[PDB]
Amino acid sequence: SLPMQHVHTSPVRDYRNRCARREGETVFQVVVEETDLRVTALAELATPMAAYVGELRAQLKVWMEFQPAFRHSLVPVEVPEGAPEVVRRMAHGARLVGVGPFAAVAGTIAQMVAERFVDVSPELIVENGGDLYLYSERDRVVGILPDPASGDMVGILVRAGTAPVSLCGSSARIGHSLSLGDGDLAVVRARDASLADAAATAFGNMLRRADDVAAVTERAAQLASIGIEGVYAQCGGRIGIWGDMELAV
């Protein structure tokens, strides 16, 4: 789904120094209730991946029973050391940009699923709605939005060697207004998907009019020291880009 879909290219860089074993990439869907993943891997992992997602989901359900204000908080929430990993990572990402833990759920799940299986699939792309986690040794292009006029896809380049990384977008579907120029969208790049996902929410919230685009790229630049690597912001015909954001068309 757009935004954040792997788009197939032949790479200019491909630091896999062997390419025996695995050039064959498989693509499958992991669906567990309302968590819906699209995965590109070197092995067939749908089954163990659904079991793992099921488990992360159970932990959140249990944590929500214990901390009733967690699910709908619009502000940072304190969590103890004994809390589940998924809960702690979302809470931390949300606290860095001053939003609620659930603003980081989808990014957190994509990165954790990816971390759990990268050992058996060193090429691995986990797409969770508008959030995407990538491990890779070649150039990869992550599609953001189509250009209706051009007739084709606009994406962000993740150069070989720079993954693992998150690309997290402020909207999950398109959209209905969502295309190049048209419709509000923030996309955030960071190693920590909890931060990228919470930031995409914070930046999304701040995009109300054209003039807000500059407030987002400026704010993203302020957040470089806590992990923010780049931002793409679109609103009201204005497009602003900060940091490590090279577009491929």
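In this text, residue numbers run from 1 along the sequence as written.
Q: For the C-alpha atoms alone, is the average B factor greater in 234-242 or in 5-13, going by the entry?
A: According to the PDB entry, the answer is 5-13.
Q: Comparing 170-178 with 93-101, which stretch shows the greater average C-alpha B-factor in the deposited entry?
A: Per the PDB record, 170-178.
Q: Per the coordinate record, which of the options 115, 152, 85, 131 holds the highest CA temperature factor?
A: In the PDB entry, the greatest C-alpha B-factor among 115, 152, 85, 131 is found at 152.
Q: Which of these, 29, 201, 26, 59, has its C-alpha atom at the highest B-factor, as the entry lists it?
A: That would be 26, according to the entry.
Q: How does the C-alpha B factor of residue 39 compare with the rest of the chain: lowest, middle or highest third?
A: Lowest third of the chain for residue 39's C-alpha B-factor.
Q: When the modelled residues of the chain are sorted by Cα temperature factor, does residue 217 land in the lowest, middle or highest third?
A: It belongs to the middle third of the chain when residues are ordered by C-alpha B-factor.
Q: Give the position of residue 52 by CA B-factor within its chain, expressed as the lowest, middle or highest third.
A: Within its chain, residue 52 is a lowest-third residue by C-alpha B-factor, going by the deposited values.
Q: Sorting the chain's modelled residues by C-alpha B-factor, tell me whether residue 77 ends up in the lowest, middle or highest third.
A: Within its chain, residue 77 is a highest-third residue by C-alpha B-factor, going by the deposited values.
Q: Among the modelled residues of this chain, does the Cα B factor of residue 187 put it in the lowest, middle or highest third?
A: Tercile = lowest for this residue's CA B-factor.
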